[PDB]
Amino acid sequence: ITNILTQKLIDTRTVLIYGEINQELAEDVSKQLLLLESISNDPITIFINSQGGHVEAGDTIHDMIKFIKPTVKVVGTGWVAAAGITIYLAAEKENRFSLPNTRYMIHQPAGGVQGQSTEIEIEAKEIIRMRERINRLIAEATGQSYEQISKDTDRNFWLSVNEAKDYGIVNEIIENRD
Amino acid sequence: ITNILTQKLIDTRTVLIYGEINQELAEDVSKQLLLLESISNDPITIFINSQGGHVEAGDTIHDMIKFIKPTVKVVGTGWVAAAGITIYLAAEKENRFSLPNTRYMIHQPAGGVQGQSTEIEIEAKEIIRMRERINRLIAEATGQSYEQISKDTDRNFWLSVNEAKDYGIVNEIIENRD
Amino acid sequence: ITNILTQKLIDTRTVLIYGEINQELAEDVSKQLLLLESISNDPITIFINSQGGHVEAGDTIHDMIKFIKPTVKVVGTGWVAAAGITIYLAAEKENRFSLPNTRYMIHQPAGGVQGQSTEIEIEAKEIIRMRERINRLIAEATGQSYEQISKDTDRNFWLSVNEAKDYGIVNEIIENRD
Amino acid sequence: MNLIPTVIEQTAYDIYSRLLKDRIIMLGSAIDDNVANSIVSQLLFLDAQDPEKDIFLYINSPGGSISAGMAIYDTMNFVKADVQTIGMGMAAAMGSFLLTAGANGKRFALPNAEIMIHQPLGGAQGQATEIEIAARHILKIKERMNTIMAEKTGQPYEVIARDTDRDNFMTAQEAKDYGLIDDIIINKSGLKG
Amino acid sequence: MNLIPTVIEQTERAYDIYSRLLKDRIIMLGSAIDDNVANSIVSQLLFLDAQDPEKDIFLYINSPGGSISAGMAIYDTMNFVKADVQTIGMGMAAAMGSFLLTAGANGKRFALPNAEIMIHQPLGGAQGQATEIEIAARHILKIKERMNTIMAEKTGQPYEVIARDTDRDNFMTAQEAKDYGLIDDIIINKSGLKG
Amino acid sequence: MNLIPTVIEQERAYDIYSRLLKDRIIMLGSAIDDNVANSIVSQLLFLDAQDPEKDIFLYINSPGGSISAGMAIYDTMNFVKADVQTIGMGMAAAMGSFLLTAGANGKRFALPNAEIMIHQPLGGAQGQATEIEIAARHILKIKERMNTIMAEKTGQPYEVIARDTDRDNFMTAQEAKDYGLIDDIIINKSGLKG
Amino acid sequence: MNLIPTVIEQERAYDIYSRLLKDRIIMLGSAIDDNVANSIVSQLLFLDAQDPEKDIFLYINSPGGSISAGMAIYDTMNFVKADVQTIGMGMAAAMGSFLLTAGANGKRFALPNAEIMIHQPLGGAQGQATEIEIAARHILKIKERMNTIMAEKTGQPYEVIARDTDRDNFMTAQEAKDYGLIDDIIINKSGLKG
Amino acid sequence: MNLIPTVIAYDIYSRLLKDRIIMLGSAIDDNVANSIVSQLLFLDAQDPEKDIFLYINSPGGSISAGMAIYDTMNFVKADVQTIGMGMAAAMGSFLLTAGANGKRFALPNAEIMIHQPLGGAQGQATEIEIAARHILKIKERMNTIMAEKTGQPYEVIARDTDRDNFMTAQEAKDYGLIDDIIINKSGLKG
Amino acid sequence: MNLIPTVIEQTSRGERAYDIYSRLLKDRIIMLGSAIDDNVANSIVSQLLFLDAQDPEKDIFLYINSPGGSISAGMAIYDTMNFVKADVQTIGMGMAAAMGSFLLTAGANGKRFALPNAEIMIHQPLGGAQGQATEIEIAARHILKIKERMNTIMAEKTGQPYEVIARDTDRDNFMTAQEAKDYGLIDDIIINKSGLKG
Amino acid sequence: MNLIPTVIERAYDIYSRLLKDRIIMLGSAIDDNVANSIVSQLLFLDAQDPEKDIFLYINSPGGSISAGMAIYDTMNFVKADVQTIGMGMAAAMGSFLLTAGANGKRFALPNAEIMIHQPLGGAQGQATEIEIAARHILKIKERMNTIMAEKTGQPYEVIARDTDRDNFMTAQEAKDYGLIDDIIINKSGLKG
């Protein structure tokens, strides 16, 4: 009968994406969103708290937000990371709010490999290719200059929510439902 | 139909953060929070027992609940920990309540890093930010001072129930529903 | 009522393949597909973010696309792989859409044989045919030479989205539901 | 570790050296490189010490790698010496090779022992063409490996390539017709010493 | 491991105890029949064939048995060499551990009274495909065949009485085993005279 | 590990247990398994064929071990005509106290704060019940023998020991002397200390 | 081993423990397990015959260990015709402290910064009720034995010892010297102090 | 580990032992310091007046065994010149300060750490209470000694042990743990 | 652990013979009968810097029976060969792998031998890295220099062109010796000689 | 048990005999253990010939910077002169160790590998715990990199960015970067 419960949640048009971006979570989100588009073009609100993780789910989920019609307000909560922020940025910077105590982190993509040498030559090619794409993707939805992104992501560049706002990440540090 | 009597929880607006603060938990509670403001703007009730844990889910939820329309009464029971304490301090002092057999712990953020020292230097800054931000938070809502709490959070500081009221974490030691 | 809402996902005719292609999931999907077969002929809509898995059961999905009546818009999102791309390319090109940020990958099969010399050649004799057979299906369906696929697949030949449209793996880089 | 005995015939003497002193080499283990690294080194001391007095190679192996075992094979043929080979109880994939590798007329073994012909126990990993090479490479390894088993017996190849389809277990008396051993060890021909 | 002390008696350089036992034609098969052990035995066994192919060897068996194939080497060489050794049952013997005790040269196999002897069908293990298990079946079956067929002789019993009683592990003292004919006599007290 | 230090009375750089061997002492202060028996069995046979006359100073601090192994050791003590001076210092157990009891009569000793246990044979079995039956039969014979030996050596009745080895009869030596496991205590500082 | 240097002298070949055994010192800075006893007792028993007149300086830096293996050491340490000196450096625990307390009166010494854990014995116990019941009675008396010897060797009251041992108490050197565990703390060379 | 090379004839640490030099490298277990006291005292016997050298290269470790290694040097009247090189810590550094006055030496790049010792307990409360008492008794006396060996007060070294602290070479001498920083010809740096 | 035997010849010379490997050391031949890890190469390099000081004119025989190991060993053993005043013979027996063949081919020109059934496995090195991008692109750029050098090397010690080797190190391009002799990895398959006592 | 042969010459083992030639083999990590054997051999050889050269061969992937300064200070404490050789790889301590040798005979084989690196470390604890773990480790990375600027005579800030990541090098650029003095052909430069 929590079946009847979530119908009250689903009338929220509101969404929680908390934790490590992983594929068996993106399934239940793409489940969530397409249902919301099945319902209406009405707004959607997001709250995120993530250590990033698997970029490639963060990649598609960025794209879904762009794919679909609804105007997706979002909010960053507590902290965000590489594979999670790209979702946050997937909303429009007139919609990306944030809570007054979040801390935003970016870092060049999550890499790992063994194998023969060319299999280094290949995968590394796609990594930096990913990194540059992501660094565009960030730079675009920020309005920030490209190099300034790809410079700081040499390491886990962190940002206070207020800094990221002045950076151009955020629209406003929402503090109440008001 | 018994979960329609778990909906009787949704009537009384009583909520349970029982256990380690972690991101998946925050989904389970913030499932319930946003669910509940949708119902009304009445005082919400929370019970807290917590080893703490990943602080930022802990501080996420603090920001989440300062952000919703309704007010909240909180019941800090058993104990609260460093991460779970900011949950307590999201409710405002006149509304925070507790039980007499409880305890508290306000340890400064436990962390973990590895790799290049430069990279480690970056997490140096932001855990201090956190160590201060937490300390901005607590002494604010408790009316205490920054230096004072910073000395207690030099360690795993503890309080029994009464010193917290003497500190003003708690405003009243509700012993009965009366 | 979430069941009625879960029935409203069927109203969308959405299908998701998120993650490992393995026989825990084929039965979760081939079920889902046969459902939307029993309904109608309007377009099933498969999404993907798949890192590949056990190919030889992944092809049952590819088989079933051919099997079932309806048109199928298919959407490669964020990432596809060997076992995943054959499914994508189980669709007719005209229906094969995808996202701007995806990076596709094709690579040859993989084997784990052990034991006697002869029994290695046996199970190496057929993976060869598999190494041909899959490369046929890719080649024919993206409109390209069996050789040019075979040659590039010597390693993990990666792709962005545009190269997949240059290859003809894609028909459109669907960026919006529009 | 396992107990080593010590004798005193030079004084304090280790026993396996005493078998080395009578030109006996003792292969009492699985054929890993750290053994073939020594067994071959033992023969080379023996081809120097006297390349004309025979070697009496005492096998008791369950069959290690071919990658190391074939070193021992081409080694055995390379010395000016001719080794006699003895299968103590059990010989296997490489064991029935090295026993079979002995000089003609010099290949023997025990009555109740058992000796096993075996194709190449392999293993492979990765992309198919890496498998195929490391499969086909294993084929040729078997192929030459069976060719030697064809020669030291003089048997045709297919039958040996046939019988090593499995792990066939051969008595000496089976081996005798089958030509891996030139005879069976029962006695010193009635000699009393 | 347990530090094995040193036999002072040679002072030449006092060596260890198992080396002394070796010096006096004793072998201490003081473990299971493993491979690295079995080789030292066969090497120990063949060395003491050269020093005196007349004098016996004093094989002291304390074994839980083990690798049937490894012992089968040890058995055959014991028939090869001319020591015609003794086999002195102590502590216990088992599935192959006892078979060597029985393969002591006829009229020399002895054993302490309270020693325990576990005659047994072979330890067995076979995996793989069915045709390859049917193979290993025959090999173990041929082993139990040729083994028990021999244990019949070294005791001098028929073949079916003995396979029968080895269908399971059968636990027998020296006396009852001596009555079965596995050995020739119990030891009771010291050879010699006056003390 | 920490080594066994050598001794400076000594011909040679003797490890201590061989210096004790030169005193005809044997330290069975270890787990009674086969790496030990075949070291100990050897030593007994080594000493008896050296000098049958002087005693054999078999020192026990065993927390116990297998029954078949020590049953070899026991068969040697009666075998060799040297007089086995069994001492159980600090601790003996299932096969431990067996040996101490099996020492030569009037010649088995102990110390006051020494500790002793005697229980029936400990072991087990697995497999088909018929294959359990044999093991229970075999281990039974081990039970009665250890009890009869404990009985006849001590001269107490078999009926008693089978009852008292129902469990871990934990004594020091004094009650065990009165129980009859041993002959005497030999702590005694004894007079002229030269 | 790497843990010890092969000392040599010009005196002969040696090892950093034997060359102290040449000095009639024993080292027991290890936890009292079973095989270490057979080394301790043999070392000491050896030094009882090598010279029953030149005392032994028993160095102890232990975290304690088995009573059953620890007690043979005590009875033997009580046996010897020599008189030992026990020396507590760093630590001597549940069984370790016991030997230190057990040393010869006027011969139990210590270092000022060493520590002494008076502590009643610990017991694992499992199985059915009768067995743990039996096993309890044993270790119960082992608590009495060591209490009985602490009270005797220190000459202190039984009940006081059982009291202070119930809760494992870390006593220092001075407390020990006051409590009667020991006699003296060692200071420096004697004489001119140089 | 036959890595430890032979030299000249015996092993190497046995030679440095012959030179009244000890190499306290590994972390401080009982069995280790069991041998150092076996070494210090041996060397005290071969010459109870000639100096003894000591090279600490350790992360520190078991406080309790070490305290003997304090008490050892305070019993033997051999002056024990202590060198803290590479690494010094919880107890390894305490030893360095214990050493012979003015002969507590160092290298310029080595590091010296100081903190309240590390332990804990498990059991009932009034049992865990006991460890907390004693474990306080340790730093209650240890820091006093380490203060005394330095002559610094107790309250300030408490602060410097109130939390983990790292000193480089020059500061330690300026703090008074060591008295000198050797290098070429024991005095190119000093 | 298992035993390394002893021998007695120098005893009969009146000089106390000893273990077997050191007996072969006295004959200037060294056994690479192990997986080539770093700690073993350091011993080999000691054995070569040893024969550097005994007689840098008396040749070396070297024995490769390695299924391969780390690259950093294949450098030092290769580089020290160039350092060593003497020449080298290297005989491939059993198996030689990515680093095994790397040194067997780096022997002295005309002195790279092997057995018929002995096996020669070659390929570009394995490796990799994990984590951030630039540190992988870095580690991608380092590894490639090594196969570049390593294939560039075995161009010189074989005379084949660089490209064909690189192609022929796409995979585990296995070789038996006679094939590898035609490829120029070795110089001869050692068989037998009669001069040693006919 | 493993492969270590004896020698022809005495009861020496193989590494031990090279010590007689004043040669050290550093074949593995800089652990406190090995840094307590290696240090011994250097102080030893200092006394056996306080003037005659010592030939310290590096083939390591690195280790504790703490032990790095022991071995480094050690070579700066012995009055000898040291002829250090980077072979194979000398990764992240091997490198920094190698440049500490005699300024003019810091050797390295040509195709041998070199790698500079930050002092890898880490920490787990509280804020004040890890900031202090960050001070010292940072304090290390400063002075270590002042030194590689000293030994190579290059500028510190320049060494910084080259240490900001893994930086793999060969002998060639390394000498032209200043890490060493020489690259070593068939025994020339070490003719003894």
# chains A, B, ... in the order shown; residues from 1 in each chain; ligands from 1
call {"tool": "residues_around", "arguments": {"residues": "residue C:46", "least_positions_apart": "4", "cutoff": "8 Å", "atoms": "only C-alpha atoms", "output": "number ranges by chain"}}
result
C: 14-17, 72-75
call {"tool": "residues_around", "arguments": {"residues": "residue B:66", "least_positions_apart": "3", "cutoff": "8 Å", "atoms": "only C-alpha atoms", "output": "PyMOL selection string"}}
result
(chain A and resi 175-176) or (chain B and resi 62-63+90-91)
call {"tool": "write_last_selection", "arguments": {"atoms": "N, CA and C atoms", "output": "short mmCIF file (atom, residue, chain, number, x, y, z; two decimals), in the first residue's frame"}}
result
data_model
loop_
_atom_site.label_atom_id
_atom_site.label_comp_id
_atom_site.auth_asym_id
_atom_site.auth_seq_id
_atom_site.Cartn_x
_atom_site.Cartn_y
_atom_site.Cartn_z
N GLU A 175 17.15 29.01 0.15
CA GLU A 175 17.30 28.56 1.55
C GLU A 175 15.96 28.07 2.11
N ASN A 176 14.84 28.53 1.55
CA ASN A 176 13.50 28.10 2.02
C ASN A 176 12.67 27.68 0.82
N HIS B 62 19.86 18.96 7.17
CA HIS B 62 19.69 20.20 7.91
C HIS B 62 19.25 21.32 7.00
N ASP B 63 19.93 21.47 5.87
CA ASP B 63 19.56 22.51 4.93
C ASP B 63 18.22 22.21 4.30
N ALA B 90 18.74 22.02 12.93
CA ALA B 90 17.92 22.60 11.87
C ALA B 90 16.62 23.12 12.43
N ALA B 91 15.99 22.34 13.29
CA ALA B 91 14.90 22.85 14.09
C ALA B 91 15.41 23.97 14.99
#
call {"tool": "select_by_dssp", "arguments": {"residues": "stretch 11-188 of chain F", "states": "alpha helix (DSSP H)", "output": "VMD selection string"}}
result
chain F and resid 16 to 22 34 to 48 67 to 79 94 to 102 129 to 154 158 to 164 173 to 179
call {"tool": "calpha_fit_rmsd", "arguments": {"fixed": "chain F", "moving": "chain G"}}
result
1.2 Å
call {"tool": "closest_atom_pairs", "arguments": {"of": "chain H", "to": "chain J", "cutoff": "7 Å", "atoms": "only C-alpha atoms", "output": "Markdown table"}}
result
| residue | atom | partner | partner_atom | distance |
| --- | --- | --- | --- | --- |
| H:4 | CA | J:37 | CA | 6.5 |
| H:5 | CA | J:16 | CA | 5.3 |
| H:6 | CA | J:16 | CA | 5.2 |
| H:7 | CA | J:16 | CA | 5.9 |
| H:23 | CA | J:36 | CA | 6.8 |
| H:25 | CA | J:36 | CA | 5.6 |
| H:26 | CA | J:33 | CA | 6.2 |
| H:57 | CA | J:32 | CA | 6.8 |
| H:85 | CA | J:70 | CA | 5.5 |
| H:86 | CA | J:70 | CA | 4.1 |
| H:87 | CA | J:66 | CA | 5.7 |
| H:107 | CA | J:73 | CA | 6.4 |
| H:109 | CA | J:69 | CA | 5.8 |
| H:110 | CA | J:69 | CA | 6.1 |
| H:166 | CA | J:136 | CA | 6.4 |
| H:183 | CA | J:77 | CA | 3.8 |
| H:184 | CA | J:77 | CA | 4.0 |
| H:185 | CA | J:79 | CA | 6.6 |
call {"tool": "residues_around", "arguments": {"residues": "stretch 29-32 of chain G", "least_positions_apart": "3", "cutoff": "7 Å", "atoms": "only C-alpha atoms", "output": "list in words"}}
result
residues 36, 37, 60, 61, 62, 63, 64, 65, 66 and 70 of chain G; 30, 31 and 34 of chain H
call {"tool": "residues_around", "arguments": {"residues": "residue B:22", "least_positions_apart": "4", "cutoff": "9 Å", "atoms": "only C-alpha atoms", "output": "list in words"}}
result
residues 19 of chain A; 26, 52, 53, 54, 55, 56, 57 and 58 of chain B
call {"tool": "residues_around", "arguments": {"residues": "stretch 165-167 of chain B", "least_positions_apart": "6", "cutoff": "9 Å", "atoms": "only C-alpha atoms", "output": "number ranges by chain"}}
result
B: 142-144, 173
call {"tool": "write_last_selection", "arguments": {"atoms": "C-alpha atoms", "output": "CSV table (one decimal), in the first residue's frame"}}
result
chain,number,residue,atom,x,y,z
B,142,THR,CA,22.8,27.5,19.9
B,143,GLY,CA,23.7,31.2,20.5
B,144,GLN,CA,27.2,30.1,21.6
B,173,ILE,CA,13.8,17.8,28.0
call {"tool": "interface_residues", "arguments": {"of": "chain E", "to": "chain F", "cutoff": "7 Å", "atoms": "only C-alpha atoms", "output": "list in words"}}
result
residues 4, 5, 6, 17, 28, 30, 31, 90, 91, 92, 112, 114, 115, 171, 188, 189, 190 and 195 of chain E
call {"tool": "write_last_selection", "arguments": {"atoms": "N, CA, C and O atoms", "output": "PDB file, in the first residue's frame"}}
result
ATOM      1  N   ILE E   4      64.860 -30.237  15.521  1.00  0.00           N
ATOM      2  CA  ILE E   4      65.320 -31.604  15.714  1.00  0.00           C
ATOM      3  C   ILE E   4      66.709 -31.545  16.342  1.00  0.00           C
ATOM      4  O   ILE E   4      67.616 -30.952  15.741  1.00  0.00           O
ATOM      5  N   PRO E   5      66.946 -32.138  17.515  1.00  0.00           N
ATOM      6  CA  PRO E   5      68.271 -32.022  18.134  1.00  0.00           C
ATOM      7  C   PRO E   5      69.347 -32.754  17.351  1.00  0.00           C
ATOM      8  O   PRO E   5      69.144 -33.232  16.234  1.00  0.00           O
ATOM      9  N   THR E   6      70.528 -32.801  17.958  1.00  0.00           N
ATOM     10  CA  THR E   6      71.750 -33.243  17.303  1.00  0.00           C
ATOM     11  C   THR E   6      72.337 -34.422  18.069  1.00  0.00           C
ATOM     12  O   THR E   6      72.428 -34.389  19.299  1.00  0.00           O
ATOM     13  N   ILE E  17      69.376 -36.677  14.414  1.00  0.00           N
ATOM     14  CA  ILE E  17      68.926 -37.996  14.831  1.00  0.00           C
ATOM     15  C   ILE E  17      68.524 -38.828  13.626  1.00  0.00           C
ATOM     16  O   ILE E  17      68.880 -40.008  13.538  1.00  0.00           O
ATOM     17  N   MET E  28      62.855 -43.404   8.879  1.00  0.00           N
ATOM     18  CA  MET E  28      61.749 -42.902   9.680  1.00  0.00           C
ATOM     19  C   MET E  28      60.740 -42.284   8.730  1.00  0.00           C
ATOM     20  O   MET E  28      60.822 -41.110   8.371  1.00  0.00           O
ATOM     21  N   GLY E  30      58.051 -40.808   8.862  1.00  0.00           N
ATOM     22  CA  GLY E  30      57.327 -40.160   9.928  1.00  0.00           C
ATOM     23  C   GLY E  30      56.371 -39.091   9.470  1.00  0.00           C
ATOM     24  O   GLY E  30      56.343 -37.988  10.022  1.00  0.00           O
ATOM     25  N   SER E  31      55.591 -39.399   8.452  1.00  0.00           N
ATOM     26  CA  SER E  31      54.584 -38.469   7.964  1.00  0.00           C
ATOM     27  C   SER E  31      53.676 -39.233   7.019  1.00  0.00           C
ATOM     28  O   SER E  31      53.679 -40.467   6.977  1.00  0.00           O
ATOM     29  N   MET E  90      54.643 -48.861  14.035  1.00  0.00           N
ATOM     30  CA  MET E  90      54.578 -48.050  15.233  1.00  0.00           C
ATOM     31  C   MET E  90      53.531 -46.967  15.070  1.00  0.00           C
ATOM     32  O   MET E  90      53.358 -46.414  13.982  1.00  0.00           O
ATOM     33  N   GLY E  91      52.836 -46.671  16.156  1.00  0.00           N
ATOM     34  CA  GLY E  91      51.915 -45.560  16.176  1.00  0.00           C
ATOM     35  C   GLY E  91      50.678 -45.837  15.363  1.00  0.00           C
ATOM     36  O   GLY E  91      49.594 -46.042  15.915  1.00  0.00           O
ATOM     37  N   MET E  92      50.836 -45.849  14.043  1.00  0.00           N
ATOM     38  CA  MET E  92      49.818 -46.375  13.160  1.00  0.00           C
ATOM     39  C   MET E  92      50.367 -46.474  11.756  1.00  0.00           C
ATOM     40  O   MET E  92      51.386 -45.872  11.414  1.00  0.00           O
ATOM     41  N   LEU E 112      54.618 -52.852  16.782  1.00  0.00           N
ATOM     42  CA  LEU E 112      54.299 -52.711  18.183  1.00  0.00           C
ATOM     43  C   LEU E 112      52.868 -53.169  18.443  1.00  0.00           C
ATOM     44  O   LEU E 112      52.031 -53.150  17.542  1.00  0.00           O
ATOM     45  N   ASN E 114      50.148 -52.176  20.386  1.00  0.00           N
ATOM     46  CA  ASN E 114      49.034 -51.248  20.390  1.00  0.00           C
ATOM     47  C   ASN E 114      48.931 -50.449  19.101  1.00  0.00           C
ATOM     48  O   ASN E 114      48.036 -49.607  18.982  1.00  0.00           O
ATOM     49  N   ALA E 115      49.816 -50.684  18.138  1.00  0.00           N
ATOM     50  CA  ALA E 115      49.741 -49.950  16.888  1.00  0.00           C
ATOM     51  C   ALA E 115      48.466 -50.305  16.154  1.00  0.00           C
ATOM     52  O   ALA E 115      47.948 -51.415  16.282  1.00  0.00           O
ATOM     53  N   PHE E 171      40.002 -51.304  10.898  1.00  0.00           N
ATOM     54  CA  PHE E 171      40.986 -50.910  11.889  1.00  0.00           C
ATOM     55  C   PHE E 171      41.352 -52.126  12.717  1.00  0.00           C
ATOM     56  O   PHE E 171      40.484 -52.736  13.349  1.00  0.00           O
ATOM     57  N   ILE E 188      57.962 -56.966  21.791  1.00  0.00           N
ATOM     58  CA  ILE E 188      57.512 -56.979  23.178  1.00  0.00           C
ATOM     59  C   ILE E 188      58.525 -56.279  24.075  1.00  0.00           C
ATOM     60  O   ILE E 188      58.171 -55.367  24.830  1.00  0.00           O
ATOM     61  N   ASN E 189      59.783 -56.695  24.004  1.00  0.00           N
ATOM     62  CA  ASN E 189      60.838 -56.076  24.790  1.00  0.00           C
ATOM     63  C   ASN E 189      62.156 -56.350  24.078  1.00  0.00           C
ATOM     64  O   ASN E 189      62.195 -57.035  23.053  1.00  0.00           O
ATOM     65  N   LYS E 190      63.237 -55.803  24.630  1.00  0.00           N
ATOM     66  CA  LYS E 190      64.454 -55.629  23.850  1.00  0.00           C
ATOM     67  C   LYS E 190      65.141 -56.953  23.552  1.00  0.00           C
ATOM     68  O   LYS E 190      65.269 -57.825  24.417  1.00  0.00           O
ATOM     69  N   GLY E 195      69.291 -56.837  31.267  1.00  0.00           N
ATOM     70  CA  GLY E 195      68.969 -55.399  31.197  1.00  0.00           C
ATOM     71  C   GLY E 195      68.424 -55.018  29.831  1.00  0.00           C
ATOM     72  O   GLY E 195      68.845 -55.611  28.836  1.00  0.00           O
TER      73      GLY E 195
END
call {"tool": "residues_around", "arguments": {"residues": "residue I:153", "least_positions_apart": "2", "cutoff": "12 Å", "atoms": "only C-alpha atoms", "output": "NGL selection string"}}
result
(:I and (74-75 or 78-79 or 101-103 or 105-107 or 145-151 or 155-162 or 165-166 or 185)) or (:J and (111))
call {"tool": "residues_around", "arguments": {"residues": "residue A:136", "least_positions_apart": "5", "cutoff": "9 Å", "atoms": "only C-alpha atoms", "output": "PyMOL selection string"}}
result
chain A and resi 131+141+145-146+149-150
call {"tool": "interface_residues", "arguments": {"of": "chain J", "to": "chain I", "cutoff": "7 Å", "atoms": "only C-alpha atoms", "output": "PDB file with C-alpha atoms, in the first residue's frame"}}
result
ATOM      1  CA  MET J   1      64.547 -19.536   0.287  1.00  0.00           C
ATOM      2  CA  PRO J   5      74.610 -17.895  -5.090  1.00  0.00           C
ATOM      3  CA  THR J   6      77.942 -17.885  -3.316  1.00  0.00           C
ATOM      4  CA  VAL J   7      81.230 -16.938  -5.025  1.00  0.00           C
ATOM      5  CA  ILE J   8      84.558 -18.387  -6.143  1.00  0.00           C
ATOM      6  CA  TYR J  15      75.897  -9.242  -2.716  1.00  0.00           C
ATOM      7  CA  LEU J  18      80.467  -6.666  -4.126  1.00  0.00           C
ATOM      8  CA  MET J  25      72.935  -3.183  -4.632  1.00  0.00           C
ATOM      9  CA  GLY J  27      67.297  -3.629  -5.679  1.00  0.00           C
ATOM     10  CA  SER J  28      63.960  -2.839  -4.066  1.00  0.00           C
ATOM     11  CA  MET J  87      69.600   1.682 -13.712  1.00  0.00           C
ATOM     12  CA  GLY J  88      66.269   0.169 -14.682  1.00  0.00           C
ATOM     13  CA  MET J  89      63.989   2.604 -12.916  1.00  0.00           C
ATOM     14  CA  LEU J 109      72.559   4.068 -17.622  1.00  0.00           C
ATOM     15  CA  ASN J 111      68.018   3.654 -21.483  1.00  0.00           C
ATOM     16  CA  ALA J 112      67.382   3.427 -17.751  1.00  0.00           C
ATOM     17  CA  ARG J 165      52.543  14.869 -11.578  1.00  0.00           C
ATOM     18  CA  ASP J 166      54.320  11.705 -12.467  1.00  0.00           C
ATOM     19  CA  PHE J 168      58.937   9.984 -16.465  1.00  0.00           C
ATOM     20  CA  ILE J 184      77.465   5.300 -19.024  1.00  0.00           C
ATOM     21  CA  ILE J 185      78.942   3.313 -21.898  1.00  0.00           C
ATOM     22  CA  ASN J 186      80.903   0.059 -21.567  1.00  0.00           C
ATOM     23  CA  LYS J 187      82.527   0.647 -18.158  1.00  0.00           C
TER      24      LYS J 187
END
call {"tool": "interface_residues", "arguments": {"of": "chain J", "to": "chain B", "cutoff": "9 Å", "atoms": "only C-alpha atoms", "output": "JSON, numbers by chain"}}
result
{"J": [117, 118, 119, 120, 121, 122, 123, 124, 125, 126, 127, 128, 129, 130, 131, 134, 135, 137, 138, 141, 164, 165]}
call {"tool": "write_last_selection", "arguments": {"atoms": "C-alpha atoms", "output": "compact mmCIF listing (two decimals), in the first residue's frame"}}
result
# COMPACT_ATOMS: atom_id res chain seq x y z
CA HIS J 117 57.08 12.41 -7.98
CA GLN J 118 55.53 14.11 -5.04
CA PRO J 119 56.13 12.48 -1.66
CA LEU J 120 53.20 10.14 -1.70
CA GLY J 121 51.42 9.86 1.58
CA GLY J 122 48.01 10.32 3.07
CA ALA J 123 46.20 10.56 6.34
CA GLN J 124 43.05 9.46 8.11
CA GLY J 125 41.73 11.24 11.15
CA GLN J 126 40.17 14.45 12.30
CA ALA J 127 40.57 17.90 10.80
CA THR J 128 43.43 18.97 13.05
CA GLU J 129 44.90 15.50 12.57
CA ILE J 130 45.04 15.70 8.81
CA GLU J 131 45.95 19.35 8.47
CA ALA J 134 49.39 17.91 5.58
CA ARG J 135 51.80 20.46 7.04
CA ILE J 137 54.15 16.14 4.25
CA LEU J 138 53.90 19.50 2.51
CA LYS J 141 57.67 18.26 -0.48
CA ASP J 164 53.10 18.23 -9.89
CA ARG J 165 52.54 14.87 -11.58
